[PDB]
Amino acid sequence: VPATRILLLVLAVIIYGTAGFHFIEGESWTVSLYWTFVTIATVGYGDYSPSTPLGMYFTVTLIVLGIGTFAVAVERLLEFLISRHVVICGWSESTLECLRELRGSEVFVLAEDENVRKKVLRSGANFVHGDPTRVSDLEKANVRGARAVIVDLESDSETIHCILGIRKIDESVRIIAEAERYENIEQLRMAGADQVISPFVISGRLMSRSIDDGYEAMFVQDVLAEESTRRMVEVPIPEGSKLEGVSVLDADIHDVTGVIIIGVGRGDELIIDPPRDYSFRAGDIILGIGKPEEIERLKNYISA
Amino acid sequence: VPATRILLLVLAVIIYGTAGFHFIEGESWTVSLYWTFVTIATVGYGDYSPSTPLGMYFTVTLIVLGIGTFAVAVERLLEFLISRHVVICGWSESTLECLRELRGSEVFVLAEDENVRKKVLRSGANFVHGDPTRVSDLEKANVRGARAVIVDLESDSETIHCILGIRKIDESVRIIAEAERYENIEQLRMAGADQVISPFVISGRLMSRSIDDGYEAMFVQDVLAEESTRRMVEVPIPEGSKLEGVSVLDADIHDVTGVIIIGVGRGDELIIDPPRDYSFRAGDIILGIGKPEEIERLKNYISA
Amino acid sequence: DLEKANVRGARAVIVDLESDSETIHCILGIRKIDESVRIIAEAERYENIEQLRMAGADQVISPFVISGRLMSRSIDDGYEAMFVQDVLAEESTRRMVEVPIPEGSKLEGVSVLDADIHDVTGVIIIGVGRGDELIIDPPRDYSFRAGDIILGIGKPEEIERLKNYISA
Amino acid sequence: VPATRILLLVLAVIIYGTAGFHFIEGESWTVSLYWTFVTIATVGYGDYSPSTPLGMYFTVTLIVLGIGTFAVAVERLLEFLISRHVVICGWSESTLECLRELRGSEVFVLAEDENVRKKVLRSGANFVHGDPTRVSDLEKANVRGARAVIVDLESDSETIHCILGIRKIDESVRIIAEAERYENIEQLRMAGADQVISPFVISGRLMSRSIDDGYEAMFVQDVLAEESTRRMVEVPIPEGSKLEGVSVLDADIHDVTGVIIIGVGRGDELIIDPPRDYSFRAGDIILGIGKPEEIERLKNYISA
Amino acid sequence: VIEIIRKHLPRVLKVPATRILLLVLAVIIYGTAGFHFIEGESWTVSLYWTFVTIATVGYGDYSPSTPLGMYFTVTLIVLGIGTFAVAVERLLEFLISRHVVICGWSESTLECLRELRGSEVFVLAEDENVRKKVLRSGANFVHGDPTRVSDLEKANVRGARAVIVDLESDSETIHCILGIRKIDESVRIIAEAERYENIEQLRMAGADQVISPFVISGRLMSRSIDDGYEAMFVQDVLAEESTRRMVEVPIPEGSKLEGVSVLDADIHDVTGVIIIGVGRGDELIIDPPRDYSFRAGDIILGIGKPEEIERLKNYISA
């Protein structure tokens, strides 16, 4: 049945109700409409009632009509009722441990499988069912407003196809991709990806360096865990700092603060172990390791 | 449970209730009947309630009896109370692009998947769930009174088994099939399809002409597009025209109109580039390419 | 595994893989090896034609669009599918060919109206190709150029009468 | 959750409410019970109300408390208010065309798959989900009371296992089985099957006899179809007939009735084309072909 | 009647109780505040009245006094009761030695469940079709993957008496034994080996007793060629319906046989059981020698009638 049949039947009764109480009892529309509601509601507060054989007749008829149409309209109603965001294209084991560190923000997981709807909703993310290679299904997941898009699909052919689809929707958003083979690192980066993270090349080099002594693999998997003592943080150099123009040899950040200056980055490059003649500028980002008591001693050090 | 089984129980409660108010409470019939209904409807205005223990036990009993049977009766009453088309058998990418040019007509889609229901209803076509190779599930899609049936199934064995099921319903509808292999073009014409469209023979013979110059594959993919400047339309010659018996050299269509006469079809045969001594008749369908400013110039020249 | 198959010394690469994402990825691998080879791709979905052509493919043939357009045009009369599937077959009576306009030809600057190619020769001029565009049904004031390509439909005895009419 | 568990929960509430009004408001037992009931039944009449904040808290609690279980008890109460069989083991294409001629009787289809529940219920049969090789799942399907059990399983190893399982449940029931290979005809028959029907040996011999002329295969598939003109029927010879002691040559049934005596069967054997010296006895069953007007002329012929 | 509708539509019980609660609370707030600020009721009354109003009772001790009160109340009731009915339905939905845990469901654990009808048994399996077989046998079913530590803790592995692991392969049986030993290293794991070569891997992972059935079966099908008496003895003394049973009788502290040799004890002469082994700790000596000295703590493995078993316990008693 059309929803409009249900609605018209409801409306017909309140009109009937209101009008008859007026015609039979001589009551005003305010109380007539109200009383009709009171009877439909089956509450009976005790103010208005019919006081004539016809009013009683009318009222009983009215109640039957009222509840019937009301209850139907209500069940339909109930049935109907029943910074920026980050978009994650594809669901895998790399984007699952990425989602635990992105708690608190809005995350939209665009995935082809419907089976993965329970695991996405359990971890605190909105699921958007679609194919992440289709441009019409990326726009559904609100890619254009996002602050970053994380692409980790089944192959490296679908990862370039999803990267090329974002570069025409928004040519300014930050794309982070995951390469599976070493040949496609410069292929995903030319097609638009701002950061290419290859997990089988990191783990391929941490397994050939753990044969003699595995301290290279213990440094990498402990400075990234956000439950240890030291945390690899990065702080930016603001405008009008005390270090805008000093060399690294004269700044001497490790002794006066306690952090370790493993590298500094200007723009889109990184200089690991900067030499002593490196003049600090404004806008630089200092990548460092230290205890969180030493980080606040560095943040006040680089202030105005 | 007949409706009348339910209705008897409801009335029995009503009569019982009404009479007790009448002889236990001493109420007149208009108020006792009213009260009984109201009691059943549990409204409680505040006018009548039992004023003696007999009535109190009686009324509590009426209420529970009333609610059970009333609720059922109401639930049941409400549940009881409140040219031609084209049919597309199967869903693939070739029938998705066919559905884009059939938005003005009404289209049924007979496919056995359930996941494709969201793609069909978006495109503006009614979805009929069923197996297209079965005669019982072909009759649900209104094959018998259709304009044309378009068969595109997963293989060429099921396309033949679906063409022979349509020809069992009626031998007058127009079947337009699609061949997957080149060798099965002659089997799909013996089963009963009127037009067999083999896309991988058109595509494979355009990827071999596009090695030197890609002008053959640029002409085919452009005149079929309705957004193009020139269009390929079939102009029929009406009965009582000024061109019956006239040869192609004596007519000179390209000089006076401006369209390009690339073929003339009589019945179900087409003669591409017809010779000079080809005599026209009434009934021959002219296949031409021209601007839309030139097409109505052609119909006004061959008119009666 | 592309450099095994001699893509550098080739004259045309025809990319038709199992899905549309692998056809873009293989086109991107060919353009790293030889930047001037002629790639002839094949799109499955309609929306991926502008991506296959941006990634490097010169000609994109989409078979599910040519078949979808010829299905909905064959409901009333099927003379447009009987035209396409018959001029391409090389066992047919009439062939669709391309002839080039040589340098120093008889038709330098000559318009198509006063050339009268269908009257003189008998071939049907459906388009004049210049470079990387095709003009279907060129207008009457269209002037030629030494170096055009005439696309036409005609009998095989009428193509030799066309090449001898455009000869130098 | 027994219905009585629900009822106990309800009673606890009505008892509780009644006592609290008695001790909180100081009301009598008769009115406190009435009031609590009426309150739960949400009538709203306006006679009894709490007069203290404690009474208010109490009353509100009773309403929310009692209404839940009140409604549920009503649901349970309303739910309470409102020849022999043939068992078919396994679902296939042989037991589907067997089920169409067994319309009108009770048929229980014991099958392992749950997918086949829709096709069994559509054809007019009760579905019993179980494994037909398990003796505990045959007894669930009521094999012991049946008049015949039809076994058609996936292999001939499961068909002997289902036949052996019935022979210990009931050693008198009639088992009809279907053999797949020719070697197992005497193996299924020794394990207990009363009739072994091998479809690939009938169809293997009807395909090697249809090469020259296919009249052998047209006779078999037309005398079994119950929509043709002639029907292969069998009538029994009763006690005290007119033929108990006559030979076939002197009975001369084909001329005086019109049926064709293809064979007669005594006990558990069949004699096809009985000779002229064959003396008819009592209890014999005459297998014959004829029009249904000729069958009634034969049935009265063999009477008392 | 909405409760009728709810019974008609349990099909929409798809959302969190938390959404349900927030919405009903918003309604009672609307109601109570209007009674306090529009009708002029006290907060005790306003809430009381609001409840009564929402619940659709409407006694009339309090009633709207102005058109505004009437308009207000109509809204309050029409929205509140619907929500109320929903909240009620969700509540009803919600309202209505130690154990052993069995990881996995096969035919070997089906016959183990017949012997354990007196104890309470959890079954941790990842199939859903097996729920009808477990509840028939009298064991609580816990859905989950037994190789996961999070789904092992749902089955109460940490406070169990013994855990019985029988999974589909020997790789998952090892991956489940190592997940149980991560929860607690004191529970008793009883595993089952599918191949003979993986008996030593399942003891290194942490199982206390590895029961390889295809090595017992394969070594009984090779002794039953000549005479089938070896495979007739094993399949009979394990049955509790047999006339003889193999029971372990422990020697208590302060017994009359500490230091006594087997020849000086002569158990088979005085009792009538056959002493086929003596276990000390986790080692078993089948057919112990003559000069084997008893102690307190040695578990005697014997075969005898039930009329002879309590005769043995009364002979070794303190």
# chains A, B, ... in the order shown; residues from 1 in each chain; ligands from 1
>>> residues_around(residues="stretch 86-94 of chain A", least_positions_apart="3", cutoff="10 Å", atoms="only C-alpha atoms", output="JSON, numbers by chain")
{"A": [83, 97, 98, 99, 102, 105, 106, 107, 108, 109, 110, 111, 112, 113, 116, 119, 120, 125, 126, 127, 128, 130, 131, 132, 133, 138, 141, 142, 143, 144, 145, 146, 147, 148, 149, 150, 151, 152, 153, 154, 159, 162, 163, 174, 175, 176, 177, 178, 199]}
>>> write_last_selection(atoms="N, CA and C atoms", output="CSV table (one decimal), in the first residue's frame")
chain,number,residue,atom,x,y,z
A,83,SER,N,40.1,16.9,13.5
A,83,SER,CA,40.1,17.7,12.2
A,83,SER,C,39.1,17.0,11.2
A,97,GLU,N,46.1,-2.3,11.7
A,97,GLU,CA,47.0,-1.7,12.7
A,97,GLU,C,47.2,-0.3,12.5
A,98,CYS,N,46.8,0.3,11.3
A,98,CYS,CA,46.7,1.7,11.1
A,98,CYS,C,45.5,2.3,11.8
A,99,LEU,N,44.4,1.6,11.8
A,99,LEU,CA,43.2,2.0,12.4
A,99,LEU,C,43.2,2.1,13.9
A,102,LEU,N,44.6,5.5,14.8
A,102,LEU,CA,43.7,6.6,14.4
A,102,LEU,C,42.4,6.7,15.1
A,105,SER,N,39.4,10.0,15.5
A,105,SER,CA,39.1,10.8,14.3
A,105,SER,C,38.0,10.0,13.5
A,106,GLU,N,37.5,10.7,12.5
A,106,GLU,CA,36.6,10.0,11.6
A,106,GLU,C,37.3,9.3,10.5
A,107,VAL,N,37.0,8.0,10.3
A,107,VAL,CA,37.7,7.1,9.3
A,107,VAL,C,36.6,6.4,8.6
A,108,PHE,N,36.7,6.5,7.2
A,108,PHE,CA,35.8,5.8,6.3
A,108,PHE,C,36.5,4.7,5.6
A,109,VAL,N,36.1,3.5,5.8
A,109,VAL,CA,36.8,2.3,5.2
A,109,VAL,C,36.0,1.9,4.0
A,110,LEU,N,36.5,2.2,2.8
A,110,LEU,CA,35.9,1.8,1.5
A,110,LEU,C,36.4,0.4,1.1
A,111,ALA,N,35.5,-0.6,1.1
A,111,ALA,CA,35.9,-1.9,0.8
A,111,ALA,C,34.9,-2.7,0.0
A,112,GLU,N,35.3,-3.6,-0.8
A,112,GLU,CA,34.4,-4.3,-1.7
A,112,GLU,C,33.7,-5.4,-1.0
A,113,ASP,N,34.3,-6.1,-0.1
A,113,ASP,CA,33.6,-7.2,0.6
A,113,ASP,C,32.6,-6.7,1.6
A,116,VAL,N,33.4,-7.9,5.7
A,116,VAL,CA,34.3,-7.1,6.5
A,116,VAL,C,33.6,-6.0,7.3
A,119,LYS,N,34.1,-6.3,11.2
A,119,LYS,CA,35.4,-5.9,11.8
A,119,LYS,C,35.7,-4.4,11.7
A,120,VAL,N,35.1,-3.8,10.7
A,120,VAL,CA,35.3,-2.3,10.5
A,120,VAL,C,34.5,-1.6,11.6
A,125,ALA,N,35.0,2.5,13.0
A,125,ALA,CA,35.1,3.2,11.7
A,125,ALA,C,33.8,3.0,10.9
A,126,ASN,N,33.5,4.0,10.1
A,126,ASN,CA,32.3,3.9,9.3
A,126,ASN,C,32.6,3.2,8.0
A,127,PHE,N,31.8,2.2,7.7
A,127,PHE,CA,32.0,1.3,6.5
A,127,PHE,C,31.2,1.9,5.3
A,128,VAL,N,31.8,2.0,4.2
A,128,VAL,CA,31.2,2.5,3.0
A,128,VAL,C,31.4,1.4,1.9
A,130,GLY,N,31.7,-0.3,-1.4
A,130,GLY,CA,31.9,0.1,-2.8
A,130,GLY,C,33.2,-0.5,-3.3
A,131,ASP,N,33.4,-0.3,-4.6
A,131,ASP,CA,34.7,-0.7,-5.2
A,131,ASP,C,35.6,0.5,-5.2
A,132,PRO,N,36.8,0.4,-4.6
A,132,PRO,CA,37.6,1.6,-4.5
A,132,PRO,C,38.3,2.0,-5.8
A,133,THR,N,38.2,1.2,-6.9
A,133,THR,CA,38.7,1.6,-8.2
A,133,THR,C,37.8,2.4,-9.0
A,138,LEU,N,34.4,6.3,-5.1
A,138,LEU,CA,35.3,7.0,-4.3
A,138,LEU,C,34.7,8.3,-3.8
A,141,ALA,N,32.5,7.9,-0.8
A,141,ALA,CA,33.2,7.8,0.4
A,141,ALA,C,33.8,9.2,0.9
A,142,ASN,N,33.4,10.3,0.2
A,142,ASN,CA,33.9,11.6,0.6
A,142,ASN,C,35.4,11.7,0.6
A,143,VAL,N,36.0,11.5,-0.6
A,143,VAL,CA,37.5,11.6,-0.7
A,143,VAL,C,37.9,13.1,-0.7
A,144,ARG,N,37.1,14.0,-1.4
A,144,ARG,CA,37.5,15.3,-1.7
A,144,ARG,C,37.7,16.2,-0.4
A,145,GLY,N,36.9,15.9,0.6
A,145,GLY,CA,37.1,16.7,1.9
A,145,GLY,C,38.1,16.2,2.8
A,146,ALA,N,38.7,15.0,2.5
A,146,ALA,CA,39.6,14.3,3.5
A,146,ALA,C,40.9,15.0,3.7
A,147,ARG,N,41.6,14.6,4.7
A,147,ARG,CA,43.0,15.1,5.0
A,147,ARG,C,44.0,14.1,4.5
A,148,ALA,N,43.7,12.9,4.5
A,148,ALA,CA,44.6,11.9,3.9
A,148,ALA,C,43.8,10.7,3.4
A,149,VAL,N,44.2,10.0,2.3
A,149,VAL,CA,43.7,8.8,1.8
A,149,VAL,C,44.7,7.7,1.9
A,150,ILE,N,44.4,6.6,2.5
A,150,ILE,CA,45.3,5.5,2.6
A,150,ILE,C,44.9,4.3,1.7
A,151,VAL,N,45.7,4.0,0.8
A,151,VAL,CA,45.4,3.0,-0.3
A,151,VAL,C,46.2,1.7,0.0
A,152,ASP,N,45.5,0.6,0.3
A,152,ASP,CA,46.2,-0.7,0.4
A,152,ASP,C,45.2,-1.7,-0.1
A,153,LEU,N,45.4,-2.1,-1.4
A,153,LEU,CA,44.5,-3.0,-2.1
A,153,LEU,C,45.2,-4.3,-2.3
A,154,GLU,N,44.5,-5.2,-3.1
A,154,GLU,CA,45.0,-6.6,-3.2
A,154,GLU,C,46.3,-6.7,-4.0
A,159,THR,N,46.2,-0.8,-6.9
A,159,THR,CA,46.6,0.4,-6.1
A,159,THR,C,47.0,1.6,-7.0
A,162,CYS,N,43.5,2.9,-8.1
A,162,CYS,CA,42.8,3.7,-7.1
A,162,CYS,C,43.5,5.0,-6.9
A,163,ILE,N,44.8,5.1,-7.1
A,163,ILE,CA,45.5,6.3,-7.0
A,163,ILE,C,45.2,7.3,-8.1
A,174,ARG,N,46.4,14.2,0.3
A,174,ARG,CA,47.6,13.5,0.6
A,174,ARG,C,47.3,12.0,0.5
A,175,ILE,N,47.9,11.3,-0.5
A,175,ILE,CA,47.7,9.9,-0.7
A,175,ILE,C,48.9,9.1,-0.1
A,176,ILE,N,48.6,8.2,0.8
A,176,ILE,CA,49.6,7.2,1.3
A,176,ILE,C,49.3,5.9,0.7
A,177,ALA,N,50.2,5.2,0.1
A,177,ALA,CA,50.0,4.0,-0.6
A,177,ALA,C,51.0,2.9,-0.1
A,178,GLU,N,50.7,1.7,-0.4
A,178,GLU,CA,51.5,0.5,0.0
A,178,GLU,C,51.9,-0.3,-1.2
A,199,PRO,N,56.1,-2.7,2.8
A,199,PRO,CA,56.4,-3.5,4.0
A,199,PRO,C,57.3,-4.7,3.8
>>> closest_atom_pairs(of="chain E", to="chain A", cutoff="12 Å", atoms="only C-alpha atoms", output="JSON lines")
{"residue": "E:1", "atom": "CA", "partner": "A:71", "partner_atom": "CA", "distance": 7.3}
{"residue": "E:2", "atom": "CA", "partner": "A:71", "partner_atom": "CA", "distance": 6.8}
{"residue": "E:3", "atom": "CA", "partner": "A:71", "partner_atom": "CA", "distance": 10.3}
{"residue": "E:4", "atom": "CA", "partner": "A:71", "partner_atom": "CA", "distance": 9.6}
{"residue": "E:5", "atom": "CA", "partner": "A:75", "partner_atom": "CA", "distance": 6.6}
{"residue": "E:6", "atom": "CA", "partner": "A:75", "partner_atom": "CA", "distance": 8.4}
{"residue": "E:7", "atom": "CA", "partner": "A:75", "partner_atom": "CA", "distance": 11.3}
{"residue": "E:8", "atom": "CA", "partner": "A:75", "partner_atom": "CA", "distance": 9.6}
{"residue": "E:9", "atom": "CA", "partner": "A:75", "partner_atom": "CA", "distance": 8.4}
{"residue": "E:10", "atom": "CA", "partner": "A:79", "partner_atom": "CA", "distance": 10.7}
{"residue": "E:11", "atom": "CA", "partner": "A:79", "partner_atom": "CA", "distance": 9.5}
{"residue": "E:12", "atom": "CA", "partner": "A:82", "partner_atom": "CA", "distance": 6.6}
{"residue": "E:13", "atom": "CA", "partner": "A:82", "partner_atom": "CA", "distance": 8.3}
{"residue": "E:14", "atom": "CA", "partner": "A:82", "partner_atom": "CA", "distance": 7.5}
{"residue": "E:15", "atom": "CA", "partner": "A:82", "partner_atom": "CA", "distance": 7.3}
{"residue": "E:16", "atom": "CA", "partner": "A:82", "partner_atom": "CA", "distance": 10.7}
{"residue": "E:19", "atom": "CA", "partner": "A:82", "partner_atom": "CA", "distance": 10.7}
{"residue": "E:20", "atom": "CA", "partner": "A:82", "partner_atom": "CA", "distance": 10.6}
{"residue": "E:23", "atom": "CA", "partner": "A:81", "partner_atom": "CA", "distance": 11.8}
{"residue": "E:49", "atom": "CA", "partner": "A:45", "partner_atom": "CA", "distance": 11.3}
{"residue": "E:52", "atom": "CA", "partner": "A:43", "partner_atom": "CA", "distance": 9.3}
{"residue": "E:53", "atom": "CA", "partner": "A:43", "partner_atom": "CA", "distance": 7.7}
{"residue": "E:54", "atom": "CA", "partner": "A:43", "partner_atom": "CA", "distance": 9.6}
{"residue": "E:55", "atom": "CA", "partner": "A:43", "partner_atom": "CA", "distance": 9.0}
{"residue": "E:56", "atom": "CA", "partner": "A:43", "partner_atom": "CA", "distance": 5.2}
{"residue": "E:57", "atom": "CA", "partner": "A:43", "partner_atom": "CA", "distance": 4.9}
{"residue": "E:58", "atom": "CA", "partner": "A:43", "partner_atom": "CA", "distance": 4.6}
{"residue": "E:59", "atom": "CA", "partner": "A:45", "partner_atom": "CA", "distance": 5.8}
{"residue": "E:60", "atom": "CA", "partner": "A:45", "partner_atom": "CA", "distance": 4.4}
{"residue": "E:61", "atom": "CA", "partner": "A:45", "partner_atom": "CA", "distance": 8.2}
{"residue": "E:62", "atom": "CA", "partner": "A:45", "partner_atom": "CA", "distance": 8.0}
{"residue": "E:63", "atom": "CA", "partner": "A:45", "partner_atom": "CA", "distance": 6.0}
{"residue": "E:64", "atom": "CA", "partner": "A:45", "partner_atom": "CA", "distance": 8.6}
{"residue": "E:65", "atom": "CA", "partner": "A:47", "partner_atom": "CA", "distance": 9.5}
{"residue": "E:66", "atom": "CA", "partner": "A:30", "partner_atom": "CA", "distance": 10.4}
{"residue": "E:67", "atom": "CA", "partner": "A:30", "partner_atom": "CA", "distance": 7.2}
{"residue": "E:68", "atom": "CA", "partner": "A:30", "partner_atom": "CA", "distance": 10.2}
{"residue": "E:69", "atom": "CA", "partner": "A:34", "partner_atom": "CA", "distance": 10.6}
{"residue": "E:70", "atom": "CA", "partner": "A:34", "partner_atom": "CA", "distance": 6.8}
{"residue": "E:71", "atom": "CA", "partner": "A:34", "partner_atom": "CA", "distance": 7.8}
{"residue": "E:72", "atom": "CA", "partner": "A:34", "partner_atom": "CA", "distance": 10.7}
{"residue": "E:73", "atom": "CA", "partner": "A:34", "partner_atom": "CA", "distance": 9.5}
{"residue": "E:74", "atom": "CA", "partner": "A:37", "partner_atom": "CA", "distance": 7.1}
{"residue": "E:75", "atom": "CA", "partner": "A:37", "partner_atom": "CA", "distance": 10.1}
{"residue": "E:76", "atom": "CA", "partner": "A:41", "partner_atom": "CA", "distance": 11.0}
{"residue": "E:77", "atom": "CA", "partner": "A:41", "partner_atom": "CA", "distance": 7.5}
{"residue": "E:78", "atom": "CA", "partner": "A:41", "partner_atom": "CA", "distance": 7.4}
{"residue": "E:79", "atom": "CA", "partner": "A:74", "partner_atom": "CA", "distance": 9.6}
{"residue": "E:80", "atom": "CA", "partner": "A:41", "partner_atom": "CA", "distance": 11.0}
{"residue": "E:81", "atom": "CA", "partner": "A:41", "partner_atom": "CA", "distance": 8.9}
{"residue": "E:82", "atom": "CA", "partner": "A:74", "partner_atom": "CA", "distance": 7.6}
{"residue": "E:83", "atom": "CA", "partner": "A:78", "partner_atom": "CA", "distance": 9.0}
{"residue": "E:85", "atom": "CA", "partner": "A:78", "partner_atom": "CA", "distance": 10.8}
{"residue": "E:86", "atom": "CA", "partner": "A:78", "partner_atom": "CA", "distance": 9.2}
>>> calpha_fit_rmsd(fixed="chain D", moving="chain A")
3.9 Å
>>> closest_residue(among="A:280, A:188, A:49, A:136", to="residue A:242", atoms="only C-alpha atoms")
A:280
>>> interface_residues(of="chain A", to="chain C", cutoff="8 Å", atoms="only C-alpha atoms", output="CSV table (one decimal) with N, CA and C atoms, in the first residue's frame")
chain,number,residue,atom,x,y,z
A,157,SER,N,48.4,-3.4,-9.1
A,157,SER,CA,47.7,-2.9,-10.3
A,157,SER,C,46.4,-2.2,-9.9
A,158,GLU,N,45.7,-2.7,-8.8
A,158,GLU,CA,44.6,-2.0,-8.3
A,158,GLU,C,45.0,-0.8,-7.4
A,160,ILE,N,47.5,1.3,-8.2
A,160,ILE,CA,47.7,2.5,-9.1
A,160,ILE,C,46.3,2.9,-9.7
A,161,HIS,N,45.4,2.0,-9.9
A,161,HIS,CA,44.1,2.4,-10.4
A,161,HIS,C,43.3,3.2,-9.4
A,164,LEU,N,45.1,6.7,-9.3
A,164,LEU,CA,44.7,7.5,-10.5
A,164,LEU,C,43.3,8.0,-10.4
A,187,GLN,N,56.6,3.7,-9.5
A,187,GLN,CA,55.5,3.8,-10.4
A,187,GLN,C,54.3,4.3,-9.6
>>> select_by_dssp(residues="stretch 61-175 of chain A", states="helix (DSSP H, G or I)", output="number ranges by chain")
A: 61-81, 94-99, 117-122, 135-141, 156-169
>>> residues_around(residues="residue C:79", least_positions_apart="6", cutoff="10 Å", atoms="only C-alpha atoms", output="number ranges by chain")
B: 195, 233-234, 263-271, 285-287; C: 70, 73
>>> residues_around(residues="residue B:281", least_positions_apart="3", cutoff="10 Å", atoms="only C-alpha atoms", output="VMD selection string")
chain B and resid 237 to 241 243 to 247 266 278 284 to 285
>>> residues_around(residues="stretch 10-20 of chain D", least_positions_apart="3", cutoff="6 Å", atoms="only C-alpha atoms", output="list in words")
residues 7, 23, 24, 32, 33, 36 and 69 of chain D
>>> residues_around(residues="residue B:216", least_positions_apart="3", cutoff="9 Å", atoms="only C-alpha atoms", output="MDAnalysis selection string")
(chainID B and resid 206 209:210 213 219:221) or (chainID C and resid 88 96:98 151)
>>> write_last_selection(atoms="C-alpha atoms", output="PDB file, in the first residue's frame")
ATOM      1  CA  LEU B 206      39.508  -3.209 -35.007  1.00  0.00           C
ATOM      2  CA  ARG B 209      43.335  -2.320 -38.447  1.00  0.00           C
ATOM      3  CA  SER B 210      44.583   0.186 -35.855  1.00  0.00           C
ATOM      4  CA  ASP B 213      46.284   4.147 -38.896  1.00  0.00           C
ATOM      5  CA  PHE B 219      34.743   5.920 -37.259  1.00  0.00           C
ATOM      6  CA  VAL B 220      32.854   2.991 -35.718  1.00  0.00           C
ATOM      7  CA  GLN B 221      33.087   4.231 -32.122  1.00  0.00           C
TER       8      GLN B 221
ATOM      9  CA  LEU C  88      35.217  -5.383 -41.259  1.00  0.00           C
ATOM     10  CA  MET C  96      36.653  -0.160 -46.052  1.00  0.00           C
ATOM     11  CA  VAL C  97      40.123   1.146 -46.918  1.00  0.00           C
ATOM     12  CA  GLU C  98      42.443   4.099 -46.358  1.00  0.00           C
ATOM     13  CA  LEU C 151      38.725   6.749 -45.506  1.00  0.00           C
TER      14      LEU C 151
END
>>> closest_residue(among="C:153, C:12, C:101, C:7", to="residue C:87", atoms="only C-alpha atoms")
C:153
>>> residues_around(residues="residue C:117", least_positions_apart="6", cutoff="10 Å", atoms="only C-alpha atoms", output="PyMOL selection string")
chain C and resi 123-125+162+165-166
>>> write_last_selection(atoms="C-alpha atoms", output="PDB file, in the first residue's frame")
ATOM      1  CA  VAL C 123      33.956   4.959 -53.809  1.00  0.00           C
ATOM      2  CA  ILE C 124      31.987   6.334 -50.852  1.00  0.00           C
ATOM      3  CA  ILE C 125      33.920   9.042 -48.982  1.00  0.00           C
ATOM      4  CA  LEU C 162      40.719   5.853 -56.724  1.00  0.00           C
ATOM      5  CA  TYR C 165      42.699   9.279 -59.777  1.00  0.00           C
ATOM      6  CA  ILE C 166      44.602  10.742 -56.806  1.00  0.00           C
TER       7      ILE C 166
END
